[PDB]
Amino acid sequence: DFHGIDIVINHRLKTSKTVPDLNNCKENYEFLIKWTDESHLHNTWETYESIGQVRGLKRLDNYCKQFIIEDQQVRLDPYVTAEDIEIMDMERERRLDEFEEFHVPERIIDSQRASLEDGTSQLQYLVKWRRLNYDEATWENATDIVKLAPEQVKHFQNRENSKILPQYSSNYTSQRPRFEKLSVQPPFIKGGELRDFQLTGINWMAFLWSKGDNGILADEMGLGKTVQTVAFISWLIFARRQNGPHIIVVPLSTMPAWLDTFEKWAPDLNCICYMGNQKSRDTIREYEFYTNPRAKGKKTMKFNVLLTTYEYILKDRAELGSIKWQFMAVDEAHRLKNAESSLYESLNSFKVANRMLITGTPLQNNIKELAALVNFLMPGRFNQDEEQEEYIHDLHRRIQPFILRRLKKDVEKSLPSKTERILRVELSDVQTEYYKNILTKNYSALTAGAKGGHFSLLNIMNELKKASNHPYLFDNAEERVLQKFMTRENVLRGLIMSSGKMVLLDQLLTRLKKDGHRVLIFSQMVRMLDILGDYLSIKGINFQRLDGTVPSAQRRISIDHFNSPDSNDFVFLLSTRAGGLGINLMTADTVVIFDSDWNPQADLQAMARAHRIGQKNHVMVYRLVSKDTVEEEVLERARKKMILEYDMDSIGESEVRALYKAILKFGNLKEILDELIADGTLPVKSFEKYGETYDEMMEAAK
Amino acid sequence: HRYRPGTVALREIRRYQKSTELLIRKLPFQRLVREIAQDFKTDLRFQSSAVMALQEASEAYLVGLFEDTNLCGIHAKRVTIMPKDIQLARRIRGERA
Amino acid sequence: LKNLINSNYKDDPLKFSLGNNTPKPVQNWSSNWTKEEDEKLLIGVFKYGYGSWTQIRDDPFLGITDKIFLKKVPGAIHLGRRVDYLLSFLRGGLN
Amino acid sequence: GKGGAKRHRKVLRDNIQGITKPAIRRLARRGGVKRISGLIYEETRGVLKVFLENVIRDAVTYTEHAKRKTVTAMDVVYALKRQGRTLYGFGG
Ligand SMILES: Nc1ncnc2c1ncn2[C@@H]1O[C@H](COP(=O)(O)OP(=O)(O)O)[C@@H](O)[C@H]1O
Ligand code: BEF
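For the record, the sequence lines run as chains A, B, C and D. So the first sequence is residues 175 to 190, 199 to 564, 574 to 676, 681 to 841, 1006 to 1061, counted in full-length UniProt numbering. So for the second sequence, full-length UniProt numbering puts the first residue at 40; every next one is plus one. So the third sequence is residues 1143 to 1212, 1245 to 1269, counted in full-length UniProt numbering. So for the fourth sequence, full-length UniProt numbering puts the first residue at 12; every next one is plus one.
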């Protein structure tokens, strides 16, 4: 509540030796201070004798400490190279980039008229700023709000005025309205035009929408699947007048995409998400209700669509369970694989009418999921050599409806070609030692014998597989192949050398390097990725890593930095589950596999992130299949796995009391009929019934 | 809540008593055993409970220890459990020499 | 009022002007009152409707915010009195 | 003073560094002493180690007198029984 220091933004000189002391900063440095409990916008260039003891002293001192040494490592030393000057400055540059975006406001939450100390009352708006979550939204008065972001305020009024809440939706519960085949693209697609395989998809979802049945979207990995739902959401809203708060659950990795995908393909319905913690938890509820608390279920209704991470489902299962929902969206719904899932019966409690999964999950790996999917969409509904025809007579005829199978043979005609090459790498020197000795406890127990015990099975069928191509995944390996006792050339050479795969990768990489292709590395193991992190920097190739350990904000920054027109790094390394998590790469052509991902198809999506509709540079894929190892066999089982892949009466006096006041306020009100009804002023009656009453009422008047 | 001097001291104690959850985590402990158990024999396996059970034993074993330790500690004009306070306790029980 | 501003000031409402025509001076009202303030007052109803005045007073665009007091004048009726008089006046209603 | 393809992997589940110190104090207060010495709590784990071995010693023995790979929880019980710390609740 007090005026105290919150953070550091910017640092500059105040006044016209070897190391600046703190005094120098006090008598020769001015620092931009952001104040506590107050938006970014009011930042002051202040010193220490200027403010004196103010609550909060800690961050400036250290930051100055960081500053003092920083000064000794840019201008005040001759061990500094060319490149460190680039980073030490660079930080100044990026530290401000993450500070600039807070000044631009992004949404106005509410508007309160609060009194001042001069006896005046001024309007204030709860303002939300860019790429930040709902917390630290402070009140700012309206004087300059439109004076910097007119567009936000224009839109701020529009939603409040656009009476289209879940308050007027048509009763089609009992039975439906006959629905129509669309030819044309709906006058609700501002994002552009779609094609001849995105409007029909939509016409099936909406086509079994009117049946009372739910369906499975099973298309290829990225055939404008997201556009088909958003448009599916859009046409179920201005078609059958459904204001029904639609619930959508998507991955924490793939939502930011969705939002923009939702706010650019369909302006007029607003999209408020759920991605906070403790504080947010409250702000969601601020706008999730009207008029504070509410008897019964009499919430006036201020949203329709939401996006939920999978976490958050389970953390607050209860509140959603109570509120009614009749339409469901989920992203990459191969989650419901087993029928013992926690989200598997978590979803069943949410009073629901129609569902909508949309993933390319292959449905022959196990028959469990094939059944689980069928049991989940439709609770209740469900081999022999010569009965197989009898069997698919039952399975083909029944499964199809709630299924979609459609090949690329679309939009791929423009997109440059797809390709994948295997790699037979035979074993090395130090390699056999630990391919041979490890399958016993001979020299595996002499060196690291205490650990031998726990990894002994790990190493057999879930390591040898993983530690067959590369033995560098334990401790007593690094110096084993390096034959000497600081060297820089040798370490680089010693590490490239041990593996069949490291050399093969180093040369191909070089081979395309001079030709110009952007290369991708998908590794199964977290560490491999540091391993390379250590080597590629050394040999000077600009890169960034994509692990399982990164904040949403940080994940998002680089993904974009990469697909921008003029980005230097053609090397990008990714995960199997963390890599194929979600996202798309449109600049990339080449993708290389170190080891198969203990399974058929984790790779098939793994290449899906790079091989998408956009890519204009064909495609290239390399699989490093190890020889005379254990990699070979799974590769064969993997094959075994993927072998199959298949009127309201009349107007009463009180309304007549309602209509009369509205005329004194708005004059002729025949034009404004729906806006008033959406909000309190009018009951739902047909447009004419009011209009005639409006006219006779003056006719009586004259 | 009165002032602040020795205010929590007795507070946490009470809340901990009403509860009945494991004092020590159930993840570090799990390996600690696996790791020594190897030194006395090879190729080991573990029942889910077996550890659960050890945790129970051990935790309970220590508390008990501390419980005396406390007394000893009191005897001494002190409210501080000490490195030895531990020893006497054990010595007189007899595992400690 | 909806008709005249629509056919001369369409693209931008606020430029709306009185010119010569003279509507009464309001000397003793608590705050600065001058023809420009009336100019906005009318646009304000043109935008929000008669009788909602907090709407009008708060608007960032109008700039009327600390000249309204809904002992301090003019309050809600004072404006109510203000518009009926101006609207009739410029069409020639008081004939 | 080099990146040198550096990879860092160190061990903190099982090993005593890894385990949590509050996990102990959590334990200390149930007894309800006011103060914890730094020296002391280190010793305490020390003893835990001493108690823990002997049991497993026996455990291991009963697992092995029967030629079994899976260690039974009963196996632990008898162990405790031998030192006179038998546990009700388990494995009648
Ligand atoms: N049917 C479509 N019509 C027009 N543009 C599309 C269509 N589908 C996708 N796009 C464009 O391609 C990009 C990614 O879409 P898509 O490939 O479906 O997402 P994902 O990476 O989930 O597959 C988007 O940025 C979008 O502009
Ligand atoms: F169809 Be996607 F990978 F969001």
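C-beta atoms are modelled at their ideal positions from N, C-alpha and C, and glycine is treated no differently.
Asked, Found
"Please list the terminal residues of the continuous beta strand (DSSP E) segment that includes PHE284 (chain A).", "Taken as a continuous stretch (DSSP letters only), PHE284 (chain A) belongs to no beta strand (DSSP E), as it is neither H nor E."
"Scan the region 1013 to 1025 of chain A for residues whose Cβ lies nearer than 8 Å to a Cβ of chain C and list them as they occur along the chain.", "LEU1023, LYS1024, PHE1025"
"How should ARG834 (chain A) be labelled, buried or exposed, when 16 other C-beta atoms within 10 angstroms of its C-beta is the threshold for buried?", "exposed"
"Report the partner residues of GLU322 (chain A) according to the DSSP bridge assignment.", "A:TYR307"
"Run through DSSP, which three-state label would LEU525 (chain A) get?", "coil"
"Is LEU83 (chain B) close to chain A? Criterion is C-beta to C-beta, closer than 8 Å.", "yes"
"If you check the beta carbons only, do residue 1076 (chain A) and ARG818 (chain A) fall under 8 Å apart?", "It is not possible to answer for residue 1076 (chain A), since the shown part of chain A is limited to 175 through 1061."
"Run down chain D in chain order and give the residues with a C-beta less than 7 Å from the C-beta of residue 137 (chain B).", "No statement about residue 137 (chain B) is possible, as the shown extent of chain B runs from 40 to 136 and does not include it."
"Who are the neighbours of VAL686 (chain A) on chain F, taking C-beta pairs under 8 Å?", "As a matter of chain content, chain F is missing from the structure shown, whose protein chains are A, B, C and D."
"With a threshold of 16 other CB atoms inside 10 Å of the CB of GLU1178 (chain C), please say whether the residue is buried or exposed.", "exposed"
"Nearest to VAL825 (chain A) by CA position, among A:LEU699, A:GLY743, A:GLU654, is which residue?", "A:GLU654"
"Between the region 1248 to 1264 of chain C and chain A, which residues of the former have CB atoms less than 8 Å from a CB of the latter, in chain order?", "none"
"Ends of the beta strand (DSSP E) at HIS185 (chain A)?", "179 to 187"
"Beta carbon of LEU93 (chain B), beta carbon of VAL118 (chain B): below 8 Å?", "no"
"Out of curiosity, what's the CA-to-CA distance linking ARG41 (chain D) and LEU91 (chain D)?", "23 Å"
"Since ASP513 (chain A) sits in a beta bridge, which residues does DSSP pair it with?", "A:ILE540"
"Around the C-beta of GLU551 (chain A), are 16 or more other C-beta atoms found within 10 angstroms, so that it is buried, or is it exposed?", "buried"
"Ends of the beta strand (DSSP E) at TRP227 (chain A)?", "226 to 228"
"Use the C-beta contact count for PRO260 (chain A): other C-beta atoms within 10 angstroms, 16 or more gives buried, fewer gives exposed.", "exposed"
"Within 10 angstroms of the Cβ of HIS587 (chain A), are there 16 or more other Cβ atoms? Answer buried if so, exposed if not.", "exposed"
"Would you say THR119 (chain B) lies against chain D (beta-carbon separation less than 8 Å)?", "yes"
"Ignore the nearest five residues each way along the sequence and tell me which others in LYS519 (chain A)'s own chain have a CB closer than 6 Å to its CB.", "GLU551"
"Chain D partners of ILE125 (chain B), CB-CB under 8 Å?", "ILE51, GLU54, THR55, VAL58"
"Could you tell me the alpha carbon to alpha carbon distance between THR325 (chain A) and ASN459 (chain A), rounded to whole angstroms?", "32 Å"
"Using 8 Å as the limit for Cβ to Cβ distance, is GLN69 (chain B) near chain A?", "no"
"So, is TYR582 (chain A) buried or exposed, given that buried needs 16 or more other C-beta atoms within 10 angstroms?", "exposed"
"Output needed in chain order: residues of the region 305 to 327 of chain A with a Cβ under 7 Å from some Cβ in chain C.", "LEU305, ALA324, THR325, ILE327"
"Would you call the CB atoms of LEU690 (chain A) and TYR730 (chain A) closer than 8 Å?", "yes"
"Quick one: list the residues of chain A neighbouring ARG73 (chain B), beta-carbon separation under 7 Å, in chain order.", "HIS645"
"With a threshold of 7 Å on Cβ separation, who are the neighbours of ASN574 (chain A) within its own chain once the five nearest residues in sequence on each side are excluded?", "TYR582"
"Just verifying my parser: in three-state terms, what is the DSSP assignment at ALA296 (chain A)?", "strand"
"Quick one, are the C-beta atoms of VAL816 (chain A) and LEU830 (chain A) less than 8 Å apart?", "no"
"Among the residues of its own chain, which have a CB less than 8 Å from the CB of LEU595 (chain A), if the five just before and after it don't count?", "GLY383, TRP386, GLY397, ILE398, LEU399, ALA400, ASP401"
"Taking C-beta pairs closer than 8 Å, name the residues in chain C that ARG295 (chain A) reaches, listed in chain order.", "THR1196, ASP1200"
"What's the call for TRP227 (chain A), buried or exposed, on a 16-neighbour Cβ count within 10 Å?", "exposed"
"By the three-class DSSP mapping on this structure, what secondary structure does residue 569 (chain A) have?", "Position 564 is followed directly by 574 in chain A, which means residue 569 (chain A) is not present among the coordinates."
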